[PDB]
Structure formats: C-alpha cells, structure tokens
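In: Pasting an experimental structure, sequence included:
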Protein chains: 2
Amino acid sequence: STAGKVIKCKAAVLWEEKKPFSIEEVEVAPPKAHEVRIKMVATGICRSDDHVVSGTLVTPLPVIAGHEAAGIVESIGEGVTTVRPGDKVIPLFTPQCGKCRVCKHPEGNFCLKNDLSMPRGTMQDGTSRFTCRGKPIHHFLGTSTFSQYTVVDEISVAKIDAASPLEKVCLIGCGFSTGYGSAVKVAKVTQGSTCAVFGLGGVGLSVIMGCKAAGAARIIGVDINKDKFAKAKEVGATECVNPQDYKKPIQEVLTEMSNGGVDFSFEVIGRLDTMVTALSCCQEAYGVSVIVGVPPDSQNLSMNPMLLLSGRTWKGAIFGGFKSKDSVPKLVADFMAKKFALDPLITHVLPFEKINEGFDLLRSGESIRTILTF
Amino acid sequence: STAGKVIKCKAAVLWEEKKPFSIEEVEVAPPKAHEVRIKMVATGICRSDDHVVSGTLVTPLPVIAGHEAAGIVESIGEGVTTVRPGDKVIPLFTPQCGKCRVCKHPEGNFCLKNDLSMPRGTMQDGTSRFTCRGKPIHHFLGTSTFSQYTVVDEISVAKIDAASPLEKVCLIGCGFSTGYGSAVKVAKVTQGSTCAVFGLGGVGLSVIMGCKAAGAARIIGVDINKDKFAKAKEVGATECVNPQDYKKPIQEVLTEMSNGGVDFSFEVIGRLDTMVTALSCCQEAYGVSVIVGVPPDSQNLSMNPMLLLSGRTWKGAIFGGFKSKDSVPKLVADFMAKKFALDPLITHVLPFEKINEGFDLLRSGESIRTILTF
Ligand SMILES: NC(=O)c1ccc[n+]([C@@H]2O[C@H](COP(=O)([O-])OP(=O)(O)OC[C@H]3O[C@@H](n4cnc5c(N)ncnc54)[C@H](O)[C@@H]3O)[C@@H](O)[C@H]2O)c1
Ligand SMILES: NC(=O)c1ccc[n+]([C@@H]2O[C@H](COP(=O)([O-])OP(=O)(O)OC[C@H]3O[C@@H](n4cnc5c(N)ncnc54)[C@H](O)[C@@H]3O)[C@@H](O)[C@H]2O)c1
C-alpha cells in the first residue's frame, strides 16, 4: 500500500494561463493531520475549471485544477474521524468547518475556511501536497481533482453512499448541486412561477431541473447556442429563446413574453451584461434574480439602482446555497432514490488523459458535461 | 359648501428646479368619478420632496409637491365607496388599485397604476385638477399635499381612524412606514441580529424603530451629521458612528465592529456610493442589504458582482413594501395603540406658509421631520 508514502501519479497541470493542460508525473505527499488522500475515480469538466485557463478566475499557478469529482479514500491523516480508507467521497470546493459563524448560521454556506474569496491554492496549513519536477504545484479550491490522487482537508470532503455510481455523482460535487440548489434553496422558486434561465450549460440545465422540481409553470431557457435547446426542453424548459434572433434586447422580449417580467431569473453564464439583463427581465415589484455565473476577475458591472428600489431582490450563491458536508451525502442518497436524474447532463465520457479534448468540447459548445474517468 | 365647485386656495407651487416654493392661489377642480377632494390638515417635509427641487427626482414641472400628509375628505366624485366627506384620510403616493398583477401578488406593493416609474404628474385619467396663473399644474405622485386642498384618485387614499391625530399620523403616509416596513417586511430583521442603518433622517430613524421592534440586538446608526446621534440612540440605536471620525473606510470599521459584517444593512440616504458600502458591510454569506434611499435620476452605480456571489441579498422597496391601502389604516391603529412612537421624528411644526424655512431646516441638517400645518 501507499499509506504513509509519497505517491507518484499523473495529474493535469496548468503551468500558465491559456495553455492546454500538461499531463505530468506528480508527487502527492501523504496527508497530514486532518487530511484525506483520495484516489480519483471520475471528474467533470466545469466552466469554472476553464475560467482558470482563460484567466477569468484568478488563482495561483501552476495549478492542478478540477473540483467536480468523486473518488475513494486511499489514506487519512491523524485525527480524521469522518471518513475511512475505502469510503467513496466527494471533495467539497466549499468547505464546511462546522464551527465558524457561517457554518453556525442556518442559511449561510460560504464557510470562512474557503479558498474561494482570495484563493491561496494551498491546504489549510498553507502548504501544498503536490510537487512536479521539484516545483511545488498549487491546489485549486482545496480540491484539485484533475489528478489521479489528491489530498483534501477533512472539512472539504463528504462521505457518500458506498453503492453510488462515482461517474454520475461527481456532478453533485458542483454542477448539479449548484444549479438545482440555486433554484430550490436560493431563489426558492414557487409553484406556478415563470422562470428565465440564462445559459444552458450543465449548471443551467440543473437550474432548469430545480425549477421544474419546485413546480415552475414556465421555464424559458436562454442561450446563444441553439443546439442546447433540445436538451433544455428535455430537462424541463418550456420554450427557448436565442437573443440573436431578435432585433430587440432580450430583456424586452422576456418582459413581453412573461407579461411584465418573470418571477425568477438566473444568470448561469458569467457575463456582467447578462447579470444586469437577467435582473432586468424579472418583474419589477417582486421578481428575484440569482447570479450563479462567475464573472471576469476584478470587473464591475454598472446598474441603475431603481431596478432594485421597485422591489426586486438580487442574490448570488456559491454551490446552490448548500452547506456542503451536510448536503452532499443527502443529494447522493436522493439521486440513489431516483429523485432527480444526472444522465441528461452527461454528453461525453473520456479517459482522463484526454482532458484537453474534453475542454475543446466545452469550449466549442458541443458538450454539456464531459466526465473524465481514471 | 364647496362641494361640486372649484376651490380657490393657497398651494406651494414649484415652478422650476432649484427655486424656492411659491406660495400662491391655485384653483382646485372638484373630483371626477372615483376621485376625492381632500382638505389638508398637516403634511411633512420629506427628503423626496427636496429631490424634486434639486432635480434628483424627475417629474413634470411645474408641480405641487408634497406626498406625506393627512387631511379630511371635503368631497367625493361619483362611484367613490371607500371614503365619505368628513373622513380622516392619508393620501397614498403608492396606490393600491387592488386589481393588477402586483396588487394580487402576496409580496409586491408597487401597484401598476403608480406615477412613480415614469412620472406623468396627472390624475389617473391624464389630466390635472390644478390651475395656477391660468396654467395647468402637475400633480406629484397622485398626491400633491403642499396645498390646502388636493384631489386624489380613490385608489390613492386610505381612510384612517376618526380619532387619529393628523399632525402626527401624516408620517405614516411616507417616512415612518417606509423606514419601519423596510426593516420588518422587506429585510425581515431577526431577533438577535446586528443591523446597520445608513442615514439617520426621518426615514432612517423609522428603520431603527423597526429594527428594535423586530428584536435586533445591535443597531448601528451611521451618519456624517453627529447631531443626529442622540435621537438615533433615543429611538433604538445601540451605537452611532460617523465615518468622518475614522481613518479607514466605514465598511471596514463596520465589518470589524460586527465581527465579519452585519446581518442587515439599510441605505437610507440616496447615494450611489453608500448603497454599495451598505451592501458591502453586510456579512458576505448571509447578509441582507436594503436600499431605501432614492438615487439621482438616471445614474448607475458600479459594483463587483462577487459581493453578491458569496451569498448576499440586495433588495430595495418603495413605501417599506407595504400594500398601501391595506396597511395605512392598520399602522395608524397600531400608533393609536402606542405600538410605536412618532413624536421623536418631529423636531419642528410650522404653519404651511413657512414651507421654505421647513426645507431650509432639512437642507441644513437641523430638522428630522418638519410638519407643516394648514
Ligand atoms: N456560483 C457557483 O457556485 C458556480 C458553480 C459552478 C459553476 N459556476 C459558473 O456557472 C457558469 C455556468 O457554468 P457551466 O459549466 O454551466 O458553463 P457552460 O459554459 O457549460 O454553459 C454556459 C452556457 O452559456 C451560454 N452562453 C455563453 N455566452 C452567452 C451569451 N453572451 N448569451 C447567452 N448565452 C450565453 C453558452 O452558450 C453555454 O450554453 C460559469 O460561469 C461557471 O464558472 C458557478
Ligand atoms: N424607498 C422609498 O419608498 C422612500 C420613501 C421615503 C423617502 N425615500 C428616500 O429616503 C432617503 C431618506 O429620506 P429622509 O427624509 O430620511 O432624509 P434626510 O435627508 O432627513 O436624511 C438623510 C440622512 O442621511 C445623512 N447623510 C447624508 N449624506 C451622507 C453621507 N455621505 N454619509 C452618511 N450619512 C449621510 C444626513 O446627514 C441625514 O441625516 C432619501 O433619499 C428619500 O428620498 C425613499
């Protein structure tokens, strides 16, 4: 066994912005106290992993990205009580220390031990567990799942059902939960409402599922890629609009279609202009708009505060407002109970070594989610 | 006696921006169907009246401003059923038609018949009941209370308790209800929370009373005018901070004082910069910030969407989120039962004729609410 030993394995390293991932041989240190080393089984390619490449999302490079995954505990550090060697786990990019003021708040989920607000790319102790060619490589959001093995803090891992299909439930580690929770826990979509979902990638289709689950009467998917419409309709959208077909701004189209605005809108792209558009297209007196997409680093949007003064609510959330450690295991149980379906989001499955082809798929608009298997 | 006839009376006409009000003779036409002519008893000077003068708030000039008032029904037009001559009433700048999509919505209050969104400055049928110097004069939010008599649509009037003290319950027509409701109905302030209130004018002091009524444990008042602190303390502020005393930006002071940010923040001034500061000083994961202040017309603020993505909620509302015709009568009844105090808001009581001095008091920071009496 590898317990207690430095593991040599392959990982996808991003050495510099706007380059393909380089599949390298890396050394994965053994887990210190309160850390878990996991053997990766499957990882999804999420737009947020692409944001690191594109420089949209700023985090120390070089880096092993990937945060939407599912693996098996290989070994645990000293003091680890929550998982054992052998357990199926999902690494959590939003930790749940269970102690800070947020973890104690009934509603919040943005644990103060996150590595999200100002990414350091280190373990909780400020060190890396990864070296490549002698150089220390940064972690990504405490997860770094584009690697055969990764080391995560105990606060960033959830034990799930031993029978879960790891190549499906890897989407619970981000995409699906984010989307679904965004509609059901964050916006709290109501029965009979009209919803507008901007962006129909994996997180957007999950927002659609959540809206359909909460009973939205009408779910308008909006995307500039008309090939995403059939899948959107398949998971619940009632109509799909493409902004480029109209001579009118899409907030006007949506307002006219919904008779003065939708109840709930969601920005699931990451563009400043669509965030303001999504806010705008919601009903002025009682509409709720939720930002889910991640926008370019250090860029501000410009908006007229009168949009909010009339009564609109504008909110954002990380990971669909779910308290990670408590919810991931329940979402898996729920998936195991057929309460929701993850297959419709999986368009492609590729061996890990074809990570770059998986990113070209995403970038080209041909895939929803590509699951990488190890 | 004046019923069915034109009344010649005095009213404060604003002929053009940034000029003092002109006290002069106006002709007030009798009510048409579904209209009510009211004899004014008292009207308060609100910052939003001052916005009309300054050009901040755009509405057709010339105009008879004033919206926070109480009076007695002098007469009614055909079809009027909810009020009768002699009733004590409060004119409603936010109507309650009781019929549109918003009136029907459980939460909304921004009635689709408002004259707020794109001010026409007329009655609901598109005409004015006022003539001055031989010219038609515009209404102001379907109220126009700076006149001895005014005419309002039935949907813009609530009948109040026959025993109510009109010189005090005119504040229920705007300032008090807006502040109070922003805390209890819009933000939905929780027992034990920490709240920060930016701006300690009439409206902000009412927000502090709502916060105290909701059970806030800590209410921090923020104002650049330290003379407002004593009064804020008296109505419930636990602490008051003047951003000019500190070397760091106030959001940082506020975040530190509240150990990571307040639960609820209210912007009760009308500045773009303080709207963003208010949002920022709320806890990133679960804070809620409510815009109450009215910004300068057509100006956009700039903010970083990451502020919302961690989990914050940003809302605004008009008239504290209260359905106006349902809520006013009940707030007056609560007042009559001493459920809240109005007295602390009233610093000055002046005859109508000294409206310009009343505006000067406001403009110089010496007053909270000045009530004009007729
Ligand atoms: N808030 C969170 O916790 C969280 C979790 C996961 C991902 N995200 C973010 O959610 C967004 C969605 O992720 P994804 O993986 O679903 O992405 P994706 O790239 O799969 O989907 C984006 C979709 O937006 C559409 N789109 C792009 N530009 C558009 C434009 N100008 N107008 C209309 N439609 C447009 C694309 O065509 C595509 O269908 C990304 O910004 C990602 O970083 C945030
Ligand atoms: N949303 C609504 O329905 C509604 C209804 C009522 C009034 N309003 C708006 O609410 C605001 C408050 O009205 P009011 O009558 O209480 O006003 P006010 O002028 O009496 O009070 C504003 C307070 O803000 C303080 N202030 C000004 N500039 C400041 C700065 N840079 N920093 C910190 N504090 C500052 C002033 O010193 C004053 O104490 C206005 O913009 C008014 O138009 C909105």
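Out: Right, received. Where do you want to start? Residues are numbered from 1 along each chain as shown, chains lettered A, B, ... in the order given. Ligands and ions are numbered 1, 2, ... in the order given.
In: Strands of the stretch 101-250 of chain A, start to end?
Out: With DSSP state E, counting those that start in this stretch as the criterion, the stretch 101-250 of chain A has strands at A:130-132, A:135-137, A:149-153, A:157-159, A:194-198, A:218-222, A:239-241.
In: so residue A:141 sits right up against residue A:113, yeah?
Out: No. Look at residue A:141 against residue A:113 with C-beta atoms under 8 Å: they stay out of range, at 11.6 Å. Where C-beta positions appear, they are placed from N, C-alpha and C, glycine not excepted.
In: quick one, what contacts residue A:295?
Out: A:56, A:270-272, A:275, A:301, B:305-306 (C-beta atoms under 8 Å, 6 or more residues apart in numbering or on different chains).
In: typed the wrong thing, it's residue A:50
Out: By C-beta under 8 Å, 6+ apart, the contact set of residue A:50 is A:56, A:359, A:362-363.
In: just those now: which is nearest residue B:126?
Out: Nearest to residue B:126 among the contacts of residue A:50 is residue A:56, at 50.3 Å by C-beta to C-beta.
In: any idea what sits nearest that closest one, other than its immediate chain neighbours?
Out: Using C-beta to C-beta, 6 or more residues apart in numbering or on different chains and skipping the chain neighbours, the partner closest in space to residue A:56 is residue A:296 (5.1 Å).
In: Spit out the contact partners of the one you found.
Out: Contacts of residue A:296 (C-beta under 8 Å, 6+ apart): A:56, A:270, A:272.
In: SS state for it?
Out: coil (DSSP: H, G, I helix; E, B strand; the rest coil).
In: that older thread, can you redo the contacts of residue A:296 as a markdown table with secondary structure and neighbour count?
Out: Listed next are those as a markdown table, based on DSSP: H, G, I helix; E, B strand; the rest coil; neighbours: other C-beta atoms under 10 Å in any protein chain shown:
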| residue | secondary structure | neighbour count |
| --- | --- | --- |
| A:56 | coil | 17 |
| A:270 | coil | 23 |
| A:272 | helix | 18 |
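In: how many other residues sit next to residue A:17?
Out: Applying other C-beta atoms under 10 Å in any protein chain shown, we find 12 residues neighbouring residue A:17.
In: and if you look at residue A:347?
Out: Counted with other C-beta under 10 Å, the neighbours of residue A:347 add up to 16.
In: distance of the residue of chain A found nearest ligand 2 from ligand 1?
Out: Nearest residue of chain A to ligand 2: residue A:309, at 5.9 Å (C-beta to the nearest ligand atom). Computed as C-beta to the nearest ligand atom, to the nearest Å, the residue A:309 to ligand 1 distance reads 26 Å.
In: Against residue A:232, how distant is residue A:242?
Out: 11 Å (C-beta to C-beta, to the nearest Å).
In: Tell me which of the two has more neighbours.
Out: Between residue A:242 and residue A:232, counted using other C-beta under 10 Å, the more crowded position is residue A:232 (24 against 15).
In: near ligand 1, which residues of chain A show up?
Out: Residues of chain A found near ligand 1 (C-beta under 6 Å from any ligand atom) are A:46-48, A:51, A:174, A:178, A:199-204, A:223-225, A:228, A:243, A:268-271, A:274, A:292-294, A:318-319, A:365.
In: circling back to that earlier point, shared neighbours, residue A:242 and residue A:232?
Out: In contact with both residue A:242 and residue A:232: residue A:223, using C-beta under 8 Å, 6+ apart.
In: quick check, nearest of the contacts of residue A:295 to residue A:33?
Out: Using C-beta to C-beta, the contacts of residue A:295 come closest to residue A:33 at residue B:306, 32.3 Å.
In: Helices along chain A, start to end?
Out: A:47-54, A:101-104, A:166-169, A:175-181, A:202-213, A:229-235, A:250-257, A:272-281, A:306-309, A:324-336, A:355-364 (DSSP state H).
In: is the second one anywhere near chain B?
Out: Yes. Counting by C-beta under 8 Å from any C-beta of the partner chain, contacts between helix A:101-104 and chain B involve A:101-102.
In: Please compute how far that helix lies from its chain's middle.
Out: For helix A:101-104, the gap between its own C-alpha mean and the chain's C-alpha mean amounts to 21 Å (C-alpha atoms, centre = their mean, to the nearest Å).
In: can you check stretch A:16-28 too?
Out: 21 Å.
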